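Chemist: Starting off with a structure, shown below.
Only the coordinates and a few stated rules stand behind these numbers; no lab work does. Here Cβ is always computed from backbone atoms with ideal geometry, including for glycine, and neighbour counts include all displayed protein chains.
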Amino acid sequence: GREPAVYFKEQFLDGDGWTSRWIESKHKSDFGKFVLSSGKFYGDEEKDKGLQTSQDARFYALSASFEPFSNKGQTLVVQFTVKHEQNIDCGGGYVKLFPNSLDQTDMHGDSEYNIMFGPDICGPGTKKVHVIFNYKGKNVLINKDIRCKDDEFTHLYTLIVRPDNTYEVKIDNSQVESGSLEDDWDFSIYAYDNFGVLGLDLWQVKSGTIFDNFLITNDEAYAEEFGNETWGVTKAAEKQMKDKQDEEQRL
Ligand SMILES: [Ca+2]
């Protein structure tokens, strides 16, 4: 049978239909709720709908399952958009890729995972992109400092992992970091037997972040193409709308 290039895609285009694809963890009874919204300003009111954190000072735990796969002998790409529309003080904006053994109804901050990737902000001192590989019972952190975006607009985050043990990180479809797994972490290191769930495990103080346009693919050129069709289409119209609102607030 024909092998797919896309393992997972989520754009939230079918209204409340997303609730059949994403599971809320019940690990705690006080997790915050994600709501479907395109927010105060956006590129397109319908296309720019995504998952938005709705409660301040709260832990979040929501995840989506997909047909399990292995990245052995292939490239792996994880990509999504993050929009901290609230002008965030402190909060996570990263994803985790888990093996199929994860119980989605029990997912939490300390559940075992394979890879963690994305922006984390906590005051001026923490504006970073995490790139964590689980290896031989340790969650190994990248030894390179990658600065994340901190404004109110939609930004595209991309992690590419290749079978030659090389990686690349992109922000807004432009390279920000690259190198070898052997050099940039203190460890087939690239390869995982099973990926089955993508999860949002976050802590936020000022809530309101919107997540959209998730993609997991073995095709790095396609991730760039989809990036331009999503974040690339949102960008200019979103900036025009916020500039217009700031002009209304000014007066
Ligand atoms: Ca969307």
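Chemist: For the pair residue 138 and residue 246, what calculated FRET efficiency results from E = 1/(1 + (r/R0)^6), where r is the Cβ-Cβ distance and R0 = 51 Å, to the nearest 0.05?
Modeler: Computed FRET efficiency for residue 246 and residue 138: 0.65.
Chemist: Turning to a different aspect of this structure: Mean residue ellipticity at 222 nm from the helices of the chain, using -39,500 (n - 2.57) per DSSP H segment of n ≥ 4 over the full residue count, to the nearest 500 deg cm²/dmol?
Modeler: Here the helix-only value at 222 nm equals -4500 deg cm²/dmol.
Chemist: Continuing with the same structure: Sequence-distant or interchain residues sharing an amide H contact under 5 Å with residue 58, placed H: which?
Modeler: Placed amide hydrogens put 204 under 5 Å from residue 58.
Chemist: Are there GluC sites (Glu not before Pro) in the stretch 15-79 that DSSP marks as loop and that have at most 16 other Cβ atoms within 10 Å, and which are they? Let's see the in-between values first.
Modeler: Details: sites: 24, 45, 46; in loops: 45, 46.
Passing sites in the stretch 15-79 are 45, 46.
Chemist: May I ask which of 49/128; 33/72; 47/136; 49/170; 138/206; 9/239 have a Cα-Cα span longer than 29 Å here?
Modeler: Result: 33/72; 47/136; 138/206 exceed 29 Å.
Chemist: Over what distance in Å are the Cα centres of the stretch 176-192 and the stretch 112-128 separated?
Modeler: 17
Chemist: Whole percent per 5 Å bin, from 0 to the bin with the longest distance: what is P(r) over all C-alpha pairs of the stretch 57-206?
Modeler: 2, 9, 19, 23, 22, 16, 8, 2, 0
Chemist: Go ahead and collect, in residue order, the members of the stretch 200-232 whose backbone nitrogen is under 17 Å from a label point 7 Å along the Cα-Cβ direction of residue 5.
Modeler: Under 17 Å, as judged by backbone N against the label point of residue 5, lie 215-230 of the stretch 200-232.
Chemist: So if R0 is 35 Å, what FRET efficiency would residue 112 and residue 164 give, r being the distance between their Cβ atoms, rounded to the nearest 0.05?
Modeler: Numbers: r = 27 Å, r/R0 = 0.76.
After rounding to 0.05, the efficiency reads 0.85.
Chemist: Can I ask one more? Report the normalised scattering of the chain as log10 I(q)/I(0) at q = 0.07, 0.10, 0.16 Å⁻¹, calculated by the Debye formula with identical scatterers on the alpha carbons.
Modeler: Taken in order of the listed q values, log10 I(q)/I(0) reads -0.22, -0.46, -1.25.
Chemist: Mind checking the dipole of the chain: about its Cα centre, +1 per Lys or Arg Cβ, -1 per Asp or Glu Cβ, Debye to the nearest 20?
Modeler: Details: 28 positive and 44 negative charges, 73 e Å.
Computed charge dipole of the chain: roughly 340 debye.
Chemist: Something else now. Treating only the Cα positions of the stretch 1-141 as identical point scatterers, give the base-10 log of I(q)/I(0) from the Debye formula at each q in 0.10, 0.14, 0.17, 0.18 Å⁻¹.
Modeler: Treating every Cα as an identical point scatterer, log10 I(q)/I(0) equals -0.39, -0.80, -1.20, -1.35.
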